[PDB]
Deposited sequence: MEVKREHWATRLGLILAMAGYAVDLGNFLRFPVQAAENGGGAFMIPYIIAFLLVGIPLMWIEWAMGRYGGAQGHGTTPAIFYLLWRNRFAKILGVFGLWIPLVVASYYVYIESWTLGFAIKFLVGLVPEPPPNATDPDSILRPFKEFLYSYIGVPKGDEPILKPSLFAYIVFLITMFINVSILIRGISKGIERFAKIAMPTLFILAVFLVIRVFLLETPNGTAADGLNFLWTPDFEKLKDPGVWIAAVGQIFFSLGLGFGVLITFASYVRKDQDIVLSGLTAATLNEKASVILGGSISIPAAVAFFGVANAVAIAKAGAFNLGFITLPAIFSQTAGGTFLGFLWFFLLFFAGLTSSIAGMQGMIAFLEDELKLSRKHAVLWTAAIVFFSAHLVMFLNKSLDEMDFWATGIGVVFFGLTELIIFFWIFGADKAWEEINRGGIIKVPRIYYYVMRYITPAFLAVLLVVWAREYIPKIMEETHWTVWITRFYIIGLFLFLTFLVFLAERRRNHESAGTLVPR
C-alpha cells in the first residue's frame, strides 16, 4: 500500500484539500452577513467543539482502516461495525465526493479558462456607473457557462469552456496517475507555496487600492467590525457550524481516505491540527483581505451590504473581474486571481477523486492506472449533466454537500465512537501522537459534537428540503434520477467487492 513520503507533504496535501475557493470567497461573505468580527465568536466555538473533534476522528478511522489495506468507508465502516447495513451506510462516503467531482472539477475548469482569457487579454473592456461596468462581465461569464437565454433549462457552454474542461480533467489525471507520494504529495509541495505567494501578492496589491469611492481599509473595516447583536440569531450559530464543517472538508470521506495512507503508528493528532490551522489562517488572513476589501474599495462601503448579499459566486466571477479591468495592469491581476483559484481547486479535486481511485484499488484490485482512468471516465461522463442541464449543479451541490456532510459526519461519529466503542476509539486517535488530545475532548467527541450535528440535522431538515422538493422545476428529477442511479451503481460495486473476497 502507498504511503506519504514526508510529514510535511502530508500536512500540505491535507491543507491543500481544505484550502479552496471557499477560503477566498464563501468565508468572507458569511462573515460580513453574520456579525462581521462578531461572527468569529460562533466560528471559533464550532471549530473547537465540532471541527477539530471530527477532524481527528476521520484521521483516526482512516489510519485504522489504512493499516488493514482499506481506504474507503464501505470497508472501514464494516471494520468498526460488522453489519450488512454498515457497508451500505459506507457507500455514501463513496457517493458524496463522486457527486461533488461531477460539478466541482467543471467549476475548477472555469477558473483555468478565465485565467487563460485574462492572461492573453481576451476580456471585456468597459465602458462611469456600476451596472455599466458589471454587465459586460456578467455577460462575459454567461457566454462561458452558456446560461440559458430562453425559458428552456438548457446550458450551452462555449467550445472553449468545454475544451478547458477537458484540459482540466487531463491535468487532474496527470497528477493522480503518479500515486500518493510522487503525485499528490509532490504537487502539494509545489501548489501550496505557489498558492501562498499569489495570496500575499494579491493582498498587498489590494491594500494599495484607492478609488474615489473608498479604500481597502474601508473593506477590512466593514468586514471585521463586530455586530454582536447578530449573535442572538440562531441562524448565525448555524451558519458558523456549517461553514467550519464546509471549510475543513468534513463529511466527504476525503480525510478518511487520505489518512489511510498514513502509517499505522504515525502521528495524526498534531498533523491534523496543523493542516486544520493552515486552512483557517488562509481564510481569515489571506482570503478575508482580498475579495471583500477590494470590492468595498471600488464600490464604496455604501454597497458593502449589497455586495455581500450578491453571493460569493458573483463576487468572484463578475464583481472582482470587473474591478480589475479598471485598475492599472488589472488584466494580469485577473490572471493571478483566477490562477490562484485554479490551484486552490486543483489541490482539492485531486483529493476528492482519490476516494474512488482507492476503492477500485483496495476493493476491486484494479491497478492505479485503471483505477484513475475509470474514475476520470465516470466523472467526465456525469459532468455533462452539470454542463448542459441548468440547475443540475445546484441540485447535486444541495444533496451531496448539505445532507451528505451533516448526515455522514453524524454517521462517522456514531459508528466510530458509539458503536465501535469510545475507549477503543480514543486510543486509536491518540496512538502515535506527538501530542495527546486534551482529556476534555473525550466528552466533546461523545456528546457535544454529535449534539451539534444533530441540532444541525433538524434545522437543516426543516428549512431547505421542503423548498427544493416543491418549488423547483421538474428537471431536477433528472439530476435526482442520476445521482440516485449512482448510489445504486456504487451499491453494486460494493456487492461485487465482497463477492470477490469470498472467492479468494
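No C-alpha positions are given in the record for the deposited-sequence stretches 1-4, 132-134, 512-519.
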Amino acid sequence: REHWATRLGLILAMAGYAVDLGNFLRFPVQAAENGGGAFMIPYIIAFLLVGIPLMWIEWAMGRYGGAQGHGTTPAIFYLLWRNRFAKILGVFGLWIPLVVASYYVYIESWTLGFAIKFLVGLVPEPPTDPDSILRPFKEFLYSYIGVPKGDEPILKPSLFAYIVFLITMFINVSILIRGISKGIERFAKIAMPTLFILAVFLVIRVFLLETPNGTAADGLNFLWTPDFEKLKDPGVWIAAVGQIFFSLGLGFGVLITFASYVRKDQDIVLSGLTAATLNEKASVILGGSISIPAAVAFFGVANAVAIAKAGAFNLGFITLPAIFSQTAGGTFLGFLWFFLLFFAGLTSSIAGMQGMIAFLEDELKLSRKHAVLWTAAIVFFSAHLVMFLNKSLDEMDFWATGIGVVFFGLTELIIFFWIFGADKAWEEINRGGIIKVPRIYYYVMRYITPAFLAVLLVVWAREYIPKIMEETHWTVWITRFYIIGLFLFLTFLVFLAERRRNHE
From here on, numbers count along this sequence of modelled residues.
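The stretch with the higher mean CA B factor, choosing between 489-497 and 5-13, is 5-13. Taking the PDB entry as given, 209-217 carries the higher mean Cα B factor of the two stretches 82-90 and 209-217. You'll see in the entry that, of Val305, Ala161, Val120, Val269, the Cα B factor peaks at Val305.
Within the listed group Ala67, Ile478, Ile41, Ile57, the record reports its top CA B-factor for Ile41. Among all modelled residues in its chain, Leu223 ranks in the highest third by Cα B-factor. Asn172: CA B factor in the lowest third of modelled residues in this chain (values from the PDB entry). Compared with the other modelled residues of the chain, the Cα B-factor recorded for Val241 ranks in the highest third. Sort the modelled residues of the chain by CA B factor and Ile414 lands in the middle third. Compared with the other modelled residues of the chain, the Cα B-factor recorded for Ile96 ranks in the lowest third.
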